[PDB]
Each structure stands twice: as structure tokens, then as C-alpha cells.
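J.: First the structure, then my questions, so here it is.
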Amino acid sequence: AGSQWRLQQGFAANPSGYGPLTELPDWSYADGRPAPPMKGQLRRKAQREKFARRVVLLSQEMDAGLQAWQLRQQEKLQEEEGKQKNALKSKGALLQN
Amino acid sequence: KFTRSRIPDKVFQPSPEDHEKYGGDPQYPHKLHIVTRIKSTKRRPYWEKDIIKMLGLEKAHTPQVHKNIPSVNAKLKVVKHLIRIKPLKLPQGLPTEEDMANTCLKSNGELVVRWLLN
Amino acid sequence: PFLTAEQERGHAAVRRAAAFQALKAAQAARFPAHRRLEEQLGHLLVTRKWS
Amino acid sequence: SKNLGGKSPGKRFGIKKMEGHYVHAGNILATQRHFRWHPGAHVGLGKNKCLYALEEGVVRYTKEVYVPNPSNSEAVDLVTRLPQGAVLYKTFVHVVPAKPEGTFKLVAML
RNA sequence: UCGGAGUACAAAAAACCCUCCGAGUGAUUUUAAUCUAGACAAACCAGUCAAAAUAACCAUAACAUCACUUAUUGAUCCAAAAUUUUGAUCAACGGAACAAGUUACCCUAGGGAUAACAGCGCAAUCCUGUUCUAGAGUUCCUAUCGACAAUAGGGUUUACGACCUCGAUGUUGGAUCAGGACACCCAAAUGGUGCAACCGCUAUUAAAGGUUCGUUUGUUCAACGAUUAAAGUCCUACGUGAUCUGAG
RNA sequence: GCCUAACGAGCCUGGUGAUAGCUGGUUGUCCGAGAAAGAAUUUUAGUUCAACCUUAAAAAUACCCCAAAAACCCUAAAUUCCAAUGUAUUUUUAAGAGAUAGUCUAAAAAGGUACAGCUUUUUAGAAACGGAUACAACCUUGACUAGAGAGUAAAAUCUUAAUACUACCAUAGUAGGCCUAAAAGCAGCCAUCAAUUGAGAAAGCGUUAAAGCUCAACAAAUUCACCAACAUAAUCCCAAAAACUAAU
RNA sequence: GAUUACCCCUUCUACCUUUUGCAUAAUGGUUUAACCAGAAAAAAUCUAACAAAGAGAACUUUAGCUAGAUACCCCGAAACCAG
Ligand SMILES: Nc1nc2c(ncn2[C@@H]2O[C@H](COP(=O)(O)O)[C@@H](O)[C@H]2O)c(=O)[nH]1
Ligand SMILES: Nc1nc2c(ncn2[C@@H]2O[C@H](COP(=O)(O)O)[C@@H](O)[C@H]2O)c(=O)[nH]1
Ligand SMILES: [Mg+2]
Ligand SMILES: [Mg+2]
Ligand SMILES: [Mg+2]
Ligand SMILES: [Mg+2]
Ligand SMILES: [Mg+2]
Ligand SMILES: [Mg+2]
Ligand SMILES: [Mg+2]
Ligand SMILES: [Mg+2]
Ligand SMILES: [Mg+2]
Ligand SMILES: [Mg+2]
Ligand SMILES: [Mg+2]
Ligand SMILES: [Mg+2]
Ligand SMILES: [Mg+2]
Ligand SMILES: [Mg+2]
Ligand SMILES: [Mg+2]
Ligand SMILES: [Mg+2]
Ligand SMILES: [Mg+2]
Ligand SMILES: [Mg+2]
Ligand SMILES: [Mg+2]
Ligand SMILES: [Mg+2]
Ligand SMILES: [Mg+2]
Ligand SMILES: [Mg+2]
Ligand SMILES: [Mg+2]
Ligand SMILES: [Mg+2]
Ligand SMILES: [Mg+2]
Ligand SMILES: [Mg+2]
Ligand SMILES: [Mg+2]
Ligand SMILES: [Mg+2]
Ligand SMILES: [Mg+2]
Ligand SMILES: [Mg+2]
Ligand SMILES: [Mg+2]
Ligand SMILES: [Mg+2]
Ligand SMILES: [Mg+2]
Ligand SMILES: [Mg+2]
Ligand SMILES: [Mg+2]
Ligand SMILES: [Mg+2]
Ligand SMILES: [Mg+2]
Ligand SMILES: [Mg+2]
Ligand SMILES: [Mg+2]
Ligand SMILES: [Mg+2]
Ligand SMILES: [Mg+2]
Ligand SMILES: [Mg+2]
Ligand SMILES: [Mg+2]
Ligand SMILES: [Mg+2]
Ligand SMILES: [Mg+2]
Ligand SMILES: [Mg+2]
Ligand SMILES: [Mg+2]
Ligand SMILES: [Mg+2]
Ligand SMILES: [Mg+2]
Ligand SMILES: [Mg+2]
Ligand SMILES: [Mg+2]
Ligand SMILES: [Mg+2]
Ligand SMILES: [Mg+2]
Ligand SMILES: [Mg+2]
Ligand SMILES: [Mg+2]
Ligand SMILES: [Mg+2]
Ligand SMILES: [Mg+2]
Ligand SMILES: [Mg+2]
Ligand SMILES: [Mg+2]
Ligand SMILES: [Mg+2]
């Protein structure tokens, strides 16, 4: 078994997980030309590609959301400054002083 | 009567020793969750079943990547007793468009960008 | 969490709206299939013999 | 045996529209047996203590001071027996109108 | 049949041959209209609210009020009035226009969905032990008991439940043959006695073997006669009717 | 009672294929989805609606849902309504049938015996071809096919069987004062001083009353010392056995 | 399941029906052969004709009319009446 040992060493808990024992092709022609790809390997590649695409999409969405929040806060600061900039000069209690 | 459970806030306040115990950065929280359903949803309430279904954890022992935002953290808190949560680590950065088809997710949580080159 | 409740507000909403619109379009594309002359005329081939 | 008549269906005396709900005119906001929620702005009171919106808008719930009708002998007695610093408070349900009263539209140039 | 409070602690709903209050209307005048948005509730039938607009009164209200106000009520059809309305402890209260008792002379279709016997669950009841000593025992709790209380166990009685059987598990008692348990009646080995001896009273250990014959009663029991070393308590479909009896 | 072997009323024929909410049966393969009950009812052995569900079709929001909001004497688990977010589900339209006689487990309750494999409500779960030896409901488990591949899950002998406390001498005012036949530390009531380096007008046995035997007191050494242990059933006990070779 | 090998080894509580639940000691059957049990087109769905009209007569029509295909068992009483 040794799933805990394999997890500690970094390998998959199952010897059939992404190891070279399964990722590599298991046969080829005696002439040296490569064999057609395995259906299981093709499906695993498709799933890994989908997972990577999802990871990239999630990271990009999180970055975009953080940037949008920062931009909103900055625009709030700018409009708060502009409200004071567009005001008038006080004359009520300042002219008698 | 058996109903849902409200988890008190002090449960999710990490101790300073917990960061070193679980290998987390005390300053910067991680960006992405790797969630893997371990236990079954049978003999569990329908709300837990529905949360598992909407989290994409219908199949067991298949990791799924999620965000680290409170909106999904609420559901992960609801079904935290049926899942294993790890941080997604990226030693070689995000996979580029030229490295999408040569990536893999190790059991220890780092998503390698170049997996069995050549 | 990586983001706060105020920071996550509407960070991914266009994607959800687009997904719902795609679901609606997929549902609305439901309609009977085309009937072609080949389908009707291919039944006569059951009596093809050798001259 | 000795106890009879204890069976009677519930009257569904409760709250129908919560805070933030967009209601139209005439919608029953909440029904009650005793005065639990009091009507406020744009909320009328029926003969059976039910509360119905009079204008189309958004339902809100507030805590406000209670000044009873001076002709209400019981409430006036309660008020006059209240101590110096005591002010009554009640939960009032309001409807905040959304649409404007009307619009000025051009019809013809004469 | 209808309503209120608890069950049902905080939106709604929510049952019991569950615990308590009530209703089948009175008093008084303000005698309380038409039409229509939008809503509550709801299987359906029914029940509830209600803005704006209309005719009469202040030219500023009309939701009839009070009795916990919530319940004070009944569908079609059909009968009667003067055409507008009315009529049911139809209270078995979603109501058949008008109908009882008995059957052991009974019949049929089913039910272990549902009782009587047995089994099964529980131990209210019953039976065993120990803990606690106030009291009896002349004095002295524990030689013999031991109230008020505690705790553990067995499944003999009655009851409780209705889980297996109603396309059948045939009943009391007795005859024949008995298997088993020990919570031992005798026989055997002992401890304490308020054990001088004989008789006795308790407790410990032990289940290979025994545990009578008769009058009355169908009797299990019970009373009585004569004896015995003793005439034990129970379980076994209250053992045993494809072995027997039919007294009940 | 008897009326041609069955008479609470003969037999035959016809109505007649009587009628059964009741029982029994209901005949090829494969695939998709798939339901445990709210209201009426001479009704609870049944039907008709609602809620679920199936088959097609239109659409658009559907569950999860942070604030904020939902009563007045006290009140828990938590509910209702809601953005965001994660998913793709939901609502209407047209055809519809089955079901409406339920079990346990966890939780809040009620009745009972704070009894049931008991009965009635509310929330959740289950009804494995693995485990709990056997097993409905308990635990593990998003249920296809072939392989003489692999990794995991729940799960496989449970805790104590315990309670010893030993020498050493105890004299005095005085039989303290009252009651009493007697009350000398001791049926009883009140005082509770004092001699000795050290001993209570005495904390338990004992005498009718005395005597006498101990405790505390000094003198001698002084391992440790507060509570805790509790019978049994009936055909024949019930895997066998094992206290140390490295086990997250 | 296997196996060189019939058993010996390991694993599986007959089948319908009725039930909350049956290996149940709840019902049914010795076996074979032959017979023995879903039937209707109002509204609807699909297909097609023609279409403000459809139908070979009588009707229906604010996209409708005409035609076709999709649907609803068997056995059993005690009884009642007439001759
Ligand atoms: N009183 C009354 N009788 C009615 C009604 N509808 C039908 N009926 C029937 O009409 C008949 C009247 O006869 P009555 O009782 O007057 O002699 C009874 O059979 C009664 O049941 C009604 O609405 N009221
Ligand atoms: N009323 C009802 N009966 C069911 C349901 N599921 C199964 N049954 C009944 O249960 C029996 C079969 O049990 P099961 O095979 O489902 O364990 C059959 O009598 C079947 O009709 C249900 O969801 N509702
Ligand atoms: Mg595969
Ligand atoms: Mg009530
Ligand atoms: Mg009710
Ligand atoms: Mg409603
Ligand atoms: Mg008005
Ligand atoms: Mg009735
Ligand atoms: Mg009725
Ligand atoms: Mg009713
Ligand atoms: Mg007689
Ligand atoms: Mg019969
Ligand atoms: Mg039943
Ligand atoms: Mg009996
Ligand atoms: Mg019997
Ligand atoms: Mg019985
Ligand atoms: Mg039996
Ligand atoms: Mg009982
Ligand atoms: Mg017991
Ligand atoms: Mg005495
Ligand atoms: Mg017995
Ligand atoms: Mg039964
Ligand atoms: Mg029952
Ligand atoms: Mg029977
Ligand atoms: Mg039989
Ligand atoms: Mg014997
Ligand atoms: Mg003995
Ligand atoms: Mg003896
Ligand atoms: Mg014997
Ligand atoms: Mg008995
Ligand atoms: Mg017998
Ligand atoms: Mg026999
Ligand atoms: Mg007999
Ligand atoms: Mg015989
Ligand atoms: Mg006789
Ligand atoms: Mg005859
Ligand atoms: Mg018939
Ligand atoms: Mg019936
Ligand atoms: Mg299927
Ligand atoms: Mg129906
Ligand atoms: Mg909230
Ligand atoms: Mg929402
Ligand atoms: Mg029924
Ligand atoms: Mg039960
Ligand atoms: Mg349930
Ligand atoms: Mg099921
Ligand atoms: Mg098994
Ligand atoms: Mg599964
Ligand atoms: Mg001295
Ligand atoms: Mg001494
Ligand atoms: Mg004994
Ligand atoms: Mg079984
Ligand atoms: Mg059934
Ligand atoms: Mg049964
Ligand atoms: Mg049986
Ligand atoms: Mg059975
Ligand atoms: Mg039967
Ligand atoms: Mg059988
Ligand atoms: Mg059968
Ligand atoms: Mg048979
Ligand atoms: Mg037709
Ligand atoms: Mg007749």
C-alpha cells in the first residue's frame, strides 16, 4: 500500500496516478515509429487542460475584481475631492473677520 | 429538532501557531482552494447534499479548484466535514497558453507547468 | 479569505449572465429536425436487385 | 371526555411582505389578531387589524414613538401613568413610494 | 360543527378518547349603499381585507358598537311568500326527502390490517437479593425481624402493546412419560444463635436420587383423614389430545 | 323438525358474463425518469382534489443566500425574506395516471409506568452485493460492462475484578452538685474547675449500684493508610487461542 | 468460482402474491403438454391533405377543418325474481 509514504514523497497515493508507469506509452512498433495515443491518456490530457484553463480563469477573475474595487475606491476619492473643488468661496462669517 | 448549524466566529480565528502547524503564510492568504470530497453525502441532510452538488464535488476523490472568496467559503464551511481543502500552489506561475496541454496537479498541491517534457 | 465581502461584490457577474444566456439559447434551440428527400427516398433501396 | 372543542385551524395570522419587498397598491402587508405591527406612511388599516399598502413602493419596518389618540381612554391612562422619562415605542410598517405621482406630457401645439 | 391559550419557546402549517376556557347569541342606535384596482387564505366549496369613483348627512367620519369579539353557524334541490325574500339540534353540523332490535339456526368475501390460547417486548403488578438504621428484641440495629428510603436482577400472576400465525398454532383438568433450573422439601458438609440436651430459628455449599394413599369438588387450588425422610417452587406452546379422556 | 343423502327454507332452468371498495391471477427483451400521504367523504379495506412524479412545449430566472428587517412580561436549537457568489435549475402550457392502510434511528414534545419491537405531532436520515459474527431502519458508499491490476472507507477481543493497622501506661480533690433503693466518668438535669512534667467531673464496653476492660494524656518510636468491593432459570458452555521482533 | 480432477475448498436465507417488513413455520404450486386474462378515440399528442376555410349532405370555424395512429382485464360468492 504505502499511500501515506507516497503522499509524503510527493507521488500519487495510487501508483496509477500521473506516474511514469501510466503516462508513458506502453508499446511501440519494432520499426521505431510511435504507436497511436491511448484513449485514457487523451482523456486525462483533456481533463488536465480543462483544470488548467479553469485555474487561469479563476485567477484572472480574482485579479480583475480586486482591480475594479481599487478603481472604485480611487474614483470615490477623486469625486470626494471634486465635490470640494467645485464648491464656492464662503462669505458669511469670513467677510467680517 | 435537527436543523442546520451556525458555526461561531471564534472557530475560524486562526492561532499564531496554526500558521506554522499547517504551513500557511501569516501575512498573505492563499488565492485558490483545491477541494476534494472524501465522505459520501448519504446519511447527510439535503442542504449538505445540494451544497456538494453545486460545488461540483459530486464525484469523490476528484480535486476541484475554487476561489478563496467568502461567498464560496460559506458553502465550504457548511460542508467542511465532507471535504479536504488545500491551497493551490504555483511554483512556476500560472500556466501560459503555450503550456496548457503539458500541465499536471500533484497530490501535494503544486500545479506543475511543464510535466514530462519530451 | 483572499478578497473581502465588499471586494467580491459583482467581481464575476458578466460571466454568470453570459452562462445563463447560453443556457437560455440552448433551451430555445429546441425544435423538430429537418425532413429531407434522401430519408424518404432511401427506403426504396430495400428492393435493389441484380439485373 | 371532559375537554372538547380544542380543535381549530390556524388563522395564518402573520407577516406577508417583509422589508425591501416591492408591493403594489392594495397588497396585504401583514395580518394580525392583536396590534403587533402598526401602520405608518402609506399603510392603511383594515377593520380586522390587517395592514395594506396604499401606494406602490418598498416595504420598510421602523421603531418609532407612539402618541395615541387623545380619545383613546385606555392608552391615555397608560400615558398619564408613565413616568417622566419614559416614551412608548412601537414597530411601524411603512411603504416608501417609488413611482412619481405623474408626468407632464406635451399633447398639442396651439 | 365553530373559536381562544398550551402542546406548537422566534414566518406559516401541524395530530392524539391530550390539558383548560367557551358558541349555537343578547343589549343599544350611528339601521351600516352601489361599483371596482390590488391582495390574504385556500384541494374544491366556501371565508376575508380593500384604494379610487358615485347619491344623502358634518359641507372634517360613516369600519355599527359592547359582552376576552375571536366563535354566535348549514350547500344544492325543493317548498312557501309578492318577485323580494324566507325556510332545517339536515348538531352524524360538506348535510341520503322519508328506515329499529336480534341471530348460539346463521351464511358469504376477507383480515393476523383486528380480539380470545400460545409465543414475543416492558416489568405497572409479582418474585428475589443486597445498601441505610430509626424501632421491636429487658439493656443490645443486624439471634429473628425491621417502617420511611436506595439500588440491582428474574420473567411464575394480572394487566399493558398488537409483532408471527384467522386458504386453522385445536382449550382447562386428569392418565402415561417425563427433560431442565435452583430461588433445596428430604437426604449430605458446615457458620451464628436470645444454641445447656431433644425440638427449633436463620445463612453458606451441593440438583446423582426421591418428593404417598384417600373423602368432597370438572377442578388447578382449597378443607379434611392416615402416613412419611420429605409430601419443594417453577420452566418446558400455563410440557405432552397424528399417545388417551371430554368431567368443565 | 321433515318435504329424494347440503332446507332459517327444495331442486332445475332463465334473468346471468347478477354484483362485489373483498381475495387470487394477469403471458417477450432492453433502455430513461420515478413517487410513503394535507382536505373532504355512512369515510378512514375506497374514491375526488391539492402537494409530489412522468411525457411533450414555451419561456426566465431558479436553489445557496452577508447586511438590514419580523411584539408586546423571560425565553434554546433555529426559522421567514433577501444581494453577492457556486451551480443549472425553476415557473407556466397540454396530457395524465399511481399513492393517499409505513418501519426504525437521531432530535423537540405529549399520553403511559420519566414501560415497551407502545401510541400521536415537527426536523433530518436510511432501507449494500462492505462492516456491526447472523441482522430493515446503525456505520462506510455520486449503484453500467470485461480484466488472473492498484489505492482507500467503515470496521475485527471493551474498562477495572480493590478496603489489615499491632505496642504504651493510665494515679488525684471526688462517690462534683441534685433526683433516686442505689446513680462512684457513664436513667437523667446543671456545672465541666482543680493536683501533678503529663490524664475529659469522661469518648465507648461492663455492674442493680461498685468493680473491672478500653480510648484520648504524658512518657517510646514513629514505611503507607478519606470514601471506594453487591446471587440467581430453566435442551448443551460457547470460535480456538494469545500479556512484547518495532504499527499513523 | 473454479480445478489435472465428479465430490472434497470458498460464497449465496427458493420463486410469485401480500405487507412497514417474509428463508420465514404467511398464500399458491408434484410434473409435462394444450388452452386461460386490457376492450372504447370526448378533450389531447404525432403524421399528413386543404387552408379563412375544411369535410363526397346535414357540421365546425377569431388557424381552422378532414383523415390515420396512439385507451381503458380474467376467475369467485352468500344472495334476489319468474316459471
Ligand atoms: N325545512 C326544509 N326542508 C327541506 C329543505 N330542502 C329539502 N327539504 C325537505 O323537504 C321536506 C319537507 O317536509 P316537511 O318537513 O315540511 O314535512 C323534507 O323531506 C325535507 O328534508 C329545506 O331547505 N328546508
Ligand atoms: N405509497 C408508496 N408506496 C411505495 C413507495 N415506494 C415503494 N412503495 C411500495 O413498497 C413496496 C415495495 O417496497 P420497496 O421495493 O420499495 O422496498 C410496494 O408495495 C410499493 O408499492 C412510495 O414511495 N410510496
Ligand atoms: Mg475508465
Ligand atoms: Mg388550537
Ligand atoms: Mg386542525
Ligand atoms: Mg398565498
Ligand atoms: Mg373611498
Ligand atoms: Mg357524517
Ligand atoms: Mg362531516
Ligand atoms: Mg371545514
Ligand atoms: Mg339455545
Ligand atoms: Mg366464512
Ligand atoms: Mg396498519
Ligand atoms: Mg391470558
Ligand atoms: Mg397453545
Ligand atoms: Mg397474548
Ligand atoms: Mg407461535
Ligand atoms: Mg408493560
Ligand atoms: Mg427487569
Ligand atoms: Mg429498644
Ligand atoms: Mg413464559
Ligand atoms: Mg398483528
Ligand atoms: Mg401500530
Ligand atoms: Mg388464528
Ligand atoms: Mg397452509
Ligand atoms: Mg423429572
Ligand atoms: Mg444454592
Ligand atoms: Mg437437611
Ligand atoms: Mg430433582
Ligand atoms: Mg402463561
Ligand atoms: Mg398445555
Ligand atoms: Mg402433540
Ligand atoms: Mg389436554
Ligand atoms: Mg385421537
Ligand atoms: Mg360435556
Ligand atoms: Mg335435497
Ligand atoms: Mg365479477
Ligand atoms: Mg372500503
Ligand atoms: Mg434507471
Ligand atoms: Mg390525482
Ligand atoms: Mg440575513
Ligand atoms: Mg434571491
Ligand atoms: Mg387507504
Ligand atoms: Mg411503532
Ligand atoms: Mg420523514
Ligand atoms: Mg425508497
Ligand atoms: Mg453478509
Ligand atoms: Mg452509492
Ligand atoms: Mg496538670
Ligand atoms: Mg491512650
Ligand atoms: Mg443465594
Ligand atoms: Mg431476511
Ligand atoms: Mg403495497
Ligand atoms: Mg403484518
Ligand atoms: Mg416465523
Ligand atoms: Mg411470516
Ligand atoms: Mg392471509
Ligand atoms: Mg411458504
Ligand atoms: Mg401465490
Ligand atoms: Mg400447498
Ligand atoms: Mg378526437
Ligand atoms: Mg331488492
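J.: Work out the mean other chain Cβ neighbour count within 10 Å for the residues of A:6-14 and drop it here as an integer.
T.: Average neighbour count from other chains, rounded to a whole number: 2.
J.: Give a residue-ordered list of calculated ³J(HN,Hα) values for region B:52-65 (Karplus: 6.51 cos²θ - 1.76 cosθ + 1.60, θ = phi - 60°; whole Hz; x for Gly, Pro).
T.: 3J(HN,Hα) across region B:52-65, in whole Hz: 4, 5, 7, 7, x, 9, 5, 8, 7, 6, 10, x, 10, 8.
J.: Still on this structure, please answer the following. So what does the Cα-only Debye profile of chain D read at q = 0.14 Å⁻¹, as log10 I(q)/I(0), no solvent term?
T.: -0.73
J.: Per residue of region D:3-17, what does 6.51 cos²θ - 1.76 cosθ + 1.60 with θ = phi - 60° give for ³J(HN,Hα)? Whole Hz please, x for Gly and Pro, Karplus curve as stated.
T.: 9, 9, x, x, 8, 6, x, x, 8, 6, 6, x, 9, 9, 10
J.: Out of residues 5 or more away from D:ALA25 or on other chains, whose amide H comes under 5 Å of its own, with H placed 1.01 Å from N in the peptide plane?
T.: Sorted by chain and number, the residues that satisfy this are D:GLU56.
J.: Can I ask one more? For the protein assembly as shown, take N as its residue count and report Rg(C-alpha) divided by 2.2 N^0.38 Å.
T.: 1.62
J.: Another question, then. So what J values fall out for region C:31-46 if you push phi through Karplus, 6.51 cos²θ - 1.76 cosθ + 1.60 with θ = phi - 60°, rounded to Hz, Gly and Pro as x?
T.: Values per residue, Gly and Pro as x: 6, x, 6, 6, 9, 10, 5, 5, 4, 6, 7, x, 6, 5, 5, 5 Hz.
J.: Right, another one. Within 10 Å, count the other beta carbons around each residue, average over each peptide in A:35-41, D:2-8, D:93-99, and list them highest first.
T.: D:93-99, A:35-41, D:2-8
J.: All other residues with a Cβ under 12 Å from the Cβ of C:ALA22 taken together, and with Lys, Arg as +1 and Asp, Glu as -1, what is their net charge?
T.: Counting the neighbours of C:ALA22, the net charge comes to +3.
J.: Under a point-charge model restricted to the Cβ atoms of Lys and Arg (+1) and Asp and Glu (-1), what is the dipole moment magnitude of chain D relative to its Cα centre, in debye to the nearest 20?
T.: 680 debye
J.: Average partner chain C-beta neighbours within 10 Å, per residue of A:42-50?
T.: Per residue, the number of nearby Cβ atoms from other chains is 3 on average.
J.: If I build a Gaussian network model for chain B, linking alpha-carbon pairs within less than 10 angstrom, which residue out of B:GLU48, B:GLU58, B:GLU98 has the largest mean-square fluctuation?
T.: Answer for the Gaussian network model of chain B: B:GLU98.
J.: Count charges around A:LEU58 for me, please; just the other residues with Cβ under 9 Å from its Cβ, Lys/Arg as +1, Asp/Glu as -1.
T.: In short, +2.
J.: Other chains near A:63-72: what is the mean number of their Cβ atoms within 10 Å of each residue's Cβ?
T.: Partner-chain Cβ atoms within 10 Å, mean over residues of A:63-72: 4.
J.: For labels at A:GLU75 and B:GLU110 in the simple 7 Å Cα→Cβ model, what's the distance in nm?
T.: 4.1 nm
J.: Let me ask another. Would you grab the residues whose amide H sits under 5 Å from the one on D:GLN32? Only those 5+ places off in sequence or on another chain, please, with H modelled 1.01 Å from N.
T.: Those qualifying (amide H under 5 Å, at least 5 residues apart or on another chain) are D:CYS50.
J.: With N denoting the number of residues in region A:1-94, provide Rg(C-alpha) divided by 2.2 N^0.38 Å, to two decimal places.
T.: Here the Cα radius of gyration is 2.41 times the empirical estimate.
J.: Please find, in a Gaussian network model of chain A (springs between Cα atoms separated by less than 10 Å), the residue of A:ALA13, A:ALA52, A:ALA30 whose mean-square fluctuation is greatest.
T.: Result: A:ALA30 has the largest fluctuation of those listed.
J.: Continuing with the same structure: Quick one: among A:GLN60, A:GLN84, A:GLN73, which has the greatest mean-square fluctuation in a GNM of chain A with alpha-carbon springs under 10 angstrom?
T.: Largest GNM mean-square fluctuation: A:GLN84.
J.: Here's a follow-up. So which of A:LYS39/B:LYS67; B:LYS42/B:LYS80; A:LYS50/B:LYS86; B:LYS1/D:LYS11; A:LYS50/B:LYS89 end up more than 21 Å apart by C-alpha?
T.: Where the Cα-Cα span goes over 21 Å, the pairs concerned are A:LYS39/B:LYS67; B:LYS1/D:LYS11.
J.: Once label points are set 7 Å from the Cα along Cα→Cβ at both A:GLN8 and C:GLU38, what is their separation, rounded to one decimal in nm?
T.: 6.4 nm
J.: Between C:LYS24 and A:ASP63, take the C-beta separation as r, use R0 = 22 Å, and let me know the FRET efficiency to the nearest 0.05.
T.: The computed FRET efficiency comes out at 0.15.
Coordinate-derived values only; no laboratory data. Cβ: placed from backbone, ideal geometry, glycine included. Neighbour counts: every protein chain shown.
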